[PDB]
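Here's the structure, in structure tokens; my notes come after.
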Amino acid sequence: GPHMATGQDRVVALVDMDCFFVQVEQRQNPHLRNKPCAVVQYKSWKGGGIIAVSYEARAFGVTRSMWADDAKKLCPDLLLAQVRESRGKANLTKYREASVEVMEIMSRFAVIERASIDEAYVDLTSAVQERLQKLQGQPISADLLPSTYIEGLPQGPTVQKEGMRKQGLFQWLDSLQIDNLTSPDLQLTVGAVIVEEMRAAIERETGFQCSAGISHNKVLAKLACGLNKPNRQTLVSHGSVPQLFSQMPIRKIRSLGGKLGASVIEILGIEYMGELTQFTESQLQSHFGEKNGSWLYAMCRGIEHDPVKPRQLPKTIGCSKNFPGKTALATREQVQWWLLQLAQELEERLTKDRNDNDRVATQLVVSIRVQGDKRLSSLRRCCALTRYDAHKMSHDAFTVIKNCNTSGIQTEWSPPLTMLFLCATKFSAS
DNA sequence: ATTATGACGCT
DNA sequence: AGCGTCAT
Ligand SMILES: Nc1nc2c(ncn2[C@H]2C[C@H](O)[C@@H](COP(=O)(O)NP(=O)(O)OP(=O)(O)O)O2)c(=O)[nH]1
Ligand SMILES: [Ca+2]
Ligand SMILES: [K+]
């Protein structure tokens with residue numbers, strides 16, 4: 001009743017760049033703009049692997065993880081841009097730099113959490129309080145929300161999608177109580193005004209378009225962001241959650257797309273998020289553990305407490321390369337040469353990070369996969385990272401992995417290595 | 001032979 | 001500390 005907290009205390013947005021790597025390449029090369037196009041890494045094996053797809057190309061069925069040769073079967077006029085290669089490997093520097101552009105613009109409006117190379121959470125609670133004091137109880141015009149969808153509207157008592165969007169927005173706005181400066185729906189609406197401004201700034205100052213979700217927590221903001229891509233933003237109110245969740249497959253919610261979500265489905269015999277409401281918190285905890293159970297109990301009611309961390313920079317800086325099938329590394333010289341290539345990219349990125357961001361990594365994590373192991377990592381060993389020197393780092397990585405070499409002959413490497421991964425972690429201010 | 005990462009939980 | 005999960 002009056003004591004049942006509703007998780008409406010914060011305004012949180014999730015901003016995600018549309019087809020990011022594609023937009024980066026389309027900005028650089030105007031010939032790619034407004035075309036079916038994709039970004040690929042490598043080329044020799046089946047045309048390279050696609051990692052980003054323009055919405056025009058998505059209409060033909062082109063997806064991430066598909067081989068370019070197969071994508072061209074679906075879309076023969078598909079245009080392709082390849083990731084840069086340096087020291088024998090993919091080099092994603094261009095996209096990391098573009099990410100910094102976007103992240104710095106977002107940081108002007110509020111503290112952000114960098115969730116991935118092209119998406120960030122935004123805690124707008126305080127900014128919304130400020131804008132509400134400025135408005136002085138003035139209603140919010142639809143002209144202030146020109147790309148916003150209100151999830152679940154229109155409802156009740158009309159042919160084209162922009163007309164739909166506007167009807168829903170008008171129903172939402174006419175129902176607003178702009179008198180109460182503590183109304184959560186009003187707070188979300190003002191948050192959406194601010195996100196319109198942030199998205200306008202990103203597009204004006206970088207050329208990049210993005211989608212966004214506005215809700216009361218990170219999971220709902222993320223789900224909202226996905227509802228109307230590309231180049232649009234969606235407000236998911238607390239009140240919209242029962243209908244939204246009533247037909248939402250469990251796997252669509254961030255963190256439930258894997259084994260845990262499959263176990264929720266199998267153990268409880270349910271399919272949709274909303275079905276979780278019928279279980280007690282203790283029941284959920286008994287199946288899925290304390291933390292998961294409390295989280296599911298709150299989440300299926302639209303409530304989640306995970307804070308937006310004030311973290312604009314990545315916590316780790318890593319370099320990895322797969323050596324699949326017959327390219328696997330089977331000689332000591334091979335393993336040393338590739339460890340050195342990775343360590344050289346790592347040194348470059350670390351040196352630039354230290355100059356930009358006034359910090360130094362102190363731990364080097366070395367991960368490998370051996371042939372036949374289906375796991376991502378077959379082995380992970382750490383050592384100290386005392387100097388940004390590639391030869392040092394690569395020699396140290398070899399020292400921590402060399403006992404994995406089954407071969408008695410210290411010139412061969414068996415079983416051959418199908419992945420190498422160097423990761424700098426545990427940063428300290430410098 | 002979806003690849004190159006990046007986050008975070010568990011013990 | 002090393003491993004597993006999730007993500008994409
Ligand atoms: N190296 C690599 N990069 C990847 C991979 N997957 C994605 N990226 C890169 C390429 C992506 O551009 C970028 C951001 O990932 P998303 O947000 O998941 N996809 P996008 O922004 O393209 O589409 P949407 O409009 O649906 O948000 O990360 C991968 O497996 N490997
Ligand atoms: Ca994106
Ligand atoms: K993303």
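Simple scheme: letters A, B, ... for chains in structure tokens order, numbers from 1 for residues in each chain, numbers from 1 for ligands in the order shown.
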
From a DSSP pass on the backbone, collect the residues of region 64-244 of chain A flagged as alpha helix (DSSP H) and hand them back as an NGL selection string. :A and (68-74 or 93-107 or 125-135 or 161-174 or 184-206 or 218-225 or 241-244)

Excluding residue 7 (chain C) and its own-chain neighbours fewer than 5 positions away, which residues fall within 9 Å of it when counting only C-alpha atoms (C1' of nucleotides)? Please give them as a PyMOL selection string. (chain A and resi 254-255+257) or (chain B and resi 6-7)

Tell me the residues of chain C close to chain A, meaning within 8 Å using only C-alpha atoms (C1' of nucleotides), as a PyMOL selection string. chain C and resi 2+5-6

Write out as a ChimeraX atom specification each polymer residue (protein, DNA or RNA) that has an atom no more than 7 Å from ligand 3, with only C-alpha atoms (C1' of nucleotides) and all ligand atoms counted. /A:16-17,116-119

Picked from region 202-283 of chain A by DSSP as strand (DSSP E or B), as a PDB file with C-alpha atoms, in the first residue's frame:
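Here's the written file part18.pdb:
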```pdb
ATOM      1  CA  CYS A 210      21.344   7.017 -31.673  1.00  0.00           C
ATOM      2  CA  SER A 211      18.346   5.514 -29.942  1.00  0.00           C
ATOM      3  CA  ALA A 212      17.549   5.865 -26.268  1.00  0.00           C
ATOM      4  CA  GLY A 213      15.341   4.509 -23.518  1.00  0.00           C
ATOM      5  CA  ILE A 214      14.034   6.585 -20.595  1.00  0.00           C
ATOM      6  CA  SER A 215      12.638   4.835 -17.505  1.00  0.00           C
ATOM      7  CA  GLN A 233      13.687   7.262 -28.136  1.00  0.00           C
ATOM      8  CA  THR A 234      11.116   5.491 -25.990  1.00  0.00           C
ATOM      9  CA  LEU A 235       9.708   6.276 -22.550  1.00  0.00           C
ATOM     10  CA  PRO A 249       9.985 -13.405 -23.303  1.00  0.00           C
ATOM     11  CA  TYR A 272       7.071 -14.258 -20.019  1.00  0.00           C
TER      12      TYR A 272
END
```

Residues near residue 11 (chain B), anyone? I mean within 12 Å using only C-alpha atoms (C1' of nucleotides), not counting same-chain ones fewer than 5 positions away, as a CSV table (one decimal) with C-alpha atoms (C1' of nucleotides), in the first residue's frame.
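part_24.csv, freshly written:
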```csv
chain,number,residue,atom,x,y,z
C,1,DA,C1',43.5,-15.3,-7.8
C,2,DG,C1',41.4,-18.1,-11.5
C,3,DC,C1',37.2,-19.5,-13.6
C,4,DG,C1',32.3,-19.0,-15.5
```

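Residue-level contacts from chain B to chain A at 8 Å, counting only C-alpha atoms (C1' of nucleotides), read residues 1, 2, 3, 4, 5, 6 and 7 of chain B.
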
Selected residues written out, N, CA, C and O atoms (P, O5', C5', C4', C3', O3' and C1' of nucleotides), as a PDB file, in the first residue's frame:
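Here's the written file part-v6.pdb:
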```pdb
ATOM      1  P    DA B   1      37.568 -24.062 -35.322  1.00  0.00           P
ATOM      2  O5'  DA B   1      37.422 -22.588 -35.905  1.00  0.00           O
ATOM      3  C5'  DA B   1      36.408 -21.686 -35.421  1.00  0.00           C
ATOM      4  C4'  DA B   1      35.780 -20.901 -36.552  1.00  0.00           C
ATOM      5  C3'  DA B   1      34.731 -21.656 -37.367  1.00  0.00           C
ATOM      6  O3'  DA B   1      33.643 -20.783 -37.690  1.00  0.00           O
ATOM      7  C1'  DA B   1      36.582 -21.055 -38.774  1.00  0.00           C
ATOM      8  P    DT B   2      32.236 -20.832 -36.900  1.00  0.00           P
ATOM      9  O5'  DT B   2      32.564 -20.020 -35.568  1.00  0.00           O
ATOM     10  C5'  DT B   2      31.744 -18.940 -35.101  1.00  0.00           C
ATOM     11  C4'  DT B   2      32.103 -17.661 -35.820  1.00  0.00           C
ATOM     12  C3'  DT B   2      32.822 -16.616 -34.970  1.00  0.00           C
ATOM     13  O3'  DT B   2      34.031 -16.266 -35.636  1.00  0.00           O
ATOM     14  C1'  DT B   2      30.566 -15.920 -35.493  1.00  0.00           C
ATOM     15  P    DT B   3      35.400 -16.979 -35.249  1.00  0.00           P
ATOM     16  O5'  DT B   3      36.393 -15.751 -35.074  1.00  0.00           O
ATOM     17  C5'  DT B   3      36.412 -14.697 -36.051  1.00  0.00           C
ATOM     18  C4'  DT B   3      36.842 -13.381 -35.443  1.00  0.00           C
ATOM     19  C3'  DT B   3      37.888 -13.463 -34.334  1.00  0.00           C
ATOM     20  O3'  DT B   3      38.730 -12.333 -34.540  1.00  0.00           O
ATOM     21  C1'  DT B   3      35.949 -12.425 -33.491  1.00  0.00           C
ATOM     22  P    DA B   4      40.037 -12.012 -33.582  1.00  0.00           P
ATOM     23  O5'  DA B   4      39.595 -10.715 -32.775  1.00  0.00           O
ATOM     24  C5'  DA B   4      39.109  -9.534 -33.431  1.00  0.00           C
ATOM     25  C4'  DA B   4      38.721  -8.495 -32.405  1.00  0.00           C
ATOM     26  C3'  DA B   4      39.700  -8.326 -31.237  1.00  0.00           C
ATOM     27  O3'  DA B   4      39.848  -6.923 -30.963  1.00  0.00           O
ATOM     28  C1'  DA B   4      37.563  -8.936 -30.406  1.00  0.00           C
ATOM     29  P    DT B   5      40.794  -6.368 -29.773  1.00  0.00           P
ATOM     30  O5'  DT B   5      40.131  -6.962 -28.459  1.00  0.00           O
ATOM     31  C5'  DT B   5      39.901  -6.174 -27.316  1.00  0.00           C
ATOM     32  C4'  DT B   5      38.427  -6.041 -27.029  1.00  0.00           C
ATOM     33  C3'  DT B   5      38.188  -5.673 -25.573  1.00  0.00           C
ATOM     34  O3'  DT B   5      37.867  -4.296 -25.601  1.00  0.00           O
ATOM     35  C1'  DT B   5      36.571  -7.248 -26.417  1.00  0.00           C
ATOM     36  P    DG B   6      38.516  -3.286 -24.588  1.00  0.00           P
ATOM     37  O5'  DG B   6      37.372  -3.119 -23.489  1.00  0.00           O
ATOM     38  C5'  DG B   6      35.981  -3.043 -23.853  1.00  0.00           C
ATOM     39  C4'  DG B   6      35.096  -3.681 -22.806  1.00  0.00           C
ATOM     40  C3'  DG B   6      35.659  -3.702 -21.383  1.00  0.00           C
ATOM     41  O3'  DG B   6      35.024  -2.728 -20.524  1.00  0.00           O
ATOM     42  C1'  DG B   6      34.444  -5.680 -21.937  1.00  0.00           C
ATOM     43  P    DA B   7      35.257  -2.709 -18.895  1.00  0.00           P
ATOM     44  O5'  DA B   7      33.998  -3.475 -18.307  1.00  0.00           O
ATOM     45  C5'  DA B   7      32.673  -3.017 -18.612  1.00  0.00           C
ATOM     46  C4'  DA B   7      31.668  -3.942 -17.974  1.00  0.00           C
ATOM     47  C3'  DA B   7      31.917  -4.156 -16.482  1.00  0.00           C
ATOM     48  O3'  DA B   7      30.828  -3.730 -15.666  1.00  0.00           O
ATOM     49  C1'  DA B   7      31.613  -6.248 -17.643  1.00  0.00           C
TER      50       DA B   7
END
```

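Note that the spacing between CA of residue 237 (chain A) and atom 24 (P, counted along the ligand's line) of ligand 1 amounts to 22.8 Å.
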
Which residues are near residue 8 (chain A)? Cut-off 10 Å, only C-alpha atoms (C1' of nucleotides), ignore same chain within fewer than 3 positions. Put them as a list in words. residues 5, 11, 183, 184, 185, 187, 188, 215, 216, 217, 237, 238, 302, 303 and 304 of chain A

Kindly save the residues from that selection, with N, CA, C and O atoms included, as a PDB file, in the first residue's frame.
```pdb
ATOM      1  N   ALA A   5       7.206   0.317  -1.913  1.00  0.00           N
ATOM      2  CA  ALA A   5       8.053   1.110  -2.795  1.00  0.00           C
ATOM      3  C   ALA A   5       7.890   0.648  -4.240  1.00  0.00           C
ATOM      4  O   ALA A   5       7.774  -0.549  -4.519  1.00  0.00           O
ATOM      5  N   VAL A  11      15.427   8.799 -12.473  1.00  0.00           N
ATOM      6  CA  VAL A  11      15.218   8.843 -13.915  1.00  0.00           C
ATOM      7  C   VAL A  11      16.518   8.381 -14.556  1.00  0.00           C
ATOM      8  O   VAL A  11      17.562   9.008 -14.346  1.00  0.00           O
ATOM      9  N   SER A 183       5.645  14.020  -9.340  1.00  0.00           N
ATOM     10  CA  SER A 183       5.055  12.965 -10.159  1.00  0.00           C
ATOM     11  C   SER A 183       6.134  12.219 -10.932  1.00  0.00           C
ATOM     12  O   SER A 183       6.848  12.836 -11.741  1.00  0.00           O
ATOM     13  N   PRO A 184       6.264  10.905 -10.744  1.00  0.00           N
ATOM     14  CA  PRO A 184       7.251  10.135 -11.528  1.00  0.00           C
ATOM     15  C   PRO A 184       7.028  10.211 -13.027  1.00  0.00           C
ATOM     16  O   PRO A 184       8.007  10.260 -13.784  1.00  0.00           O
ATOM     17  N   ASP A 185       5.771  10.185 -13.490  1.00  0.00           N
ATOM     18  CA  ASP A 185       5.519  10.291 -14.924  1.00  0.00           C
ATOM     19  C   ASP A 185       6.011  11.632 -15.466  1.00  0.00           C
ATOM     20  O   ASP A 185       6.612  11.692 -16.546  1.00  0.00           O
ATOM     21  N   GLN A 187       8.432  13.399 -14.172  1.00  0.00           N
ATOM     22  CA  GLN A 187       9.889  13.342 -14.109  1.00  0.00           C
ATOM     23  C   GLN A 187      10.458  12.593 -15.304  1.00  0.00           C
ATOM     24  O   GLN A 187      11.427  13.048 -15.928  1.00  0.00           O
ATOM     25  N   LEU A 188       9.867  11.441 -15.638  1.00  0.00           N
ATOM     26  CA  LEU A 188      10.257  10.715 -16.850  1.00  0.00           C
ATOM     27  C   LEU A 188      10.106  11.580 -18.096  1.00  0.00           C
ATOM     28  O   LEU A 188      10.942  11.509 -19.008  1.00  0.00           O
ATOM     29  N   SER A 215      13.528   5.472 -18.489  1.00  0.00           N
ATOM     30  CA  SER A 215      12.638   4.835 -17.505  1.00  0.00           C
ATOM     31  C   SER A 215      13.185   5.094 -16.104  1.00  0.00           C
ATOM     32  O   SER A 215      13.896   6.079 -15.875  1.00  0.00           O
ATOM     33  N   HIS A 216      12.801   4.265 -15.148  1.00  0.00           N
ATOM     34  CA  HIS A 216      13.189   4.518 -13.770  1.00  0.00           C
ATOM     35  C   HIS A 216      14.417   3.733 -13.327  1.00  0.00           C
ATOM     36  O   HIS A 216      14.843   3.894 -12.178  1.00  0.00           O
ATOM     37  N   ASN A 217      14.994   2.890 -14.185  1.00  0.00           N
ATOM     38  CA  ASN A 217      16.145   2.079 -13.825  1.00  0.00           C
ATOM     39  C   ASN A 217      16.810   1.589 -15.108  1.00  0.00           C
ATOM     40  O   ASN A 217      16.305   1.792 -16.220  1.00  0.00           O
ATOM     41  N   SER A 237       7.085   3.940 -18.791  1.00  0.00           N
ATOM     42  CA  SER A 237       6.666   4.385 -17.477  1.00  0.00           C
ATOM     43  C   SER A 237       6.507   3.188 -16.544  1.00  0.00           C
ATOM     44  O   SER A 237       6.440   2.038 -16.979  1.00  0.00           O
ATOM     45  N   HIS A 238       6.462   3.467 -15.243  1.00  0.00           N
ATOM     46  CA  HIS A 238       6.182   2.391 -14.302  1.00  0.00           C
ATOM     47  C   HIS A 238       4.859   1.716 -14.648  1.00  0.00           C
ATOM     48  O   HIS A 238       4.760   0.477 -14.647  1.00  0.00           O
ATOM     49  N   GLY A 302       8.986  -4.235 -12.375  1.00  0.00           N
ATOM     50  CA  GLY A 302       9.591  -3.031 -12.935  1.00  0.00           C
ATOM     51  C   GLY A 302      10.565  -2.306 -12.024  1.00  0.00           C
ATOM     52  O   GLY A 302      10.858  -1.130 -12.259  1.00  0.00           O
ATOM     53  N   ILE A 303      11.072  -2.965 -10.986  1.00  0.00           N
ATOM     54  CA  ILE A 303      11.878  -2.315  -9.953  1.00  0.00           C
ATOM     55  C   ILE A 303      13.284  -2.896  -9.992  1.00  0.00           C
ATOM     56  O   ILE A 303      13.456  -4.116 -10.022  1.00  0.00           O
ATOM     57  N   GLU A 304      14.293  -2.025 -10.001  1.00  0.00           N
ATOM     58  CA  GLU A 304      15.673  -2.489 -10.044  1.00  0.00           C
ATOM     59  C   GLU A 304      16.530  -1.391  -9.445  1.00  0.00           C
ATOM     60  O   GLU A 304      16.283  -0.213  -9.704  1.00  0.00           O
TER      61      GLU A 304
END
```

Judged by only C-alpha atoms, the minimum distance to residue 131 (chain A) among A:313, A:186, A:4, A:59 is found for A:186

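With distances restricted to only C-alpha atoms and all ligand atoms, A:63 is the closest residue to ligand 1 from A:63, A:28, A:414, A:147.
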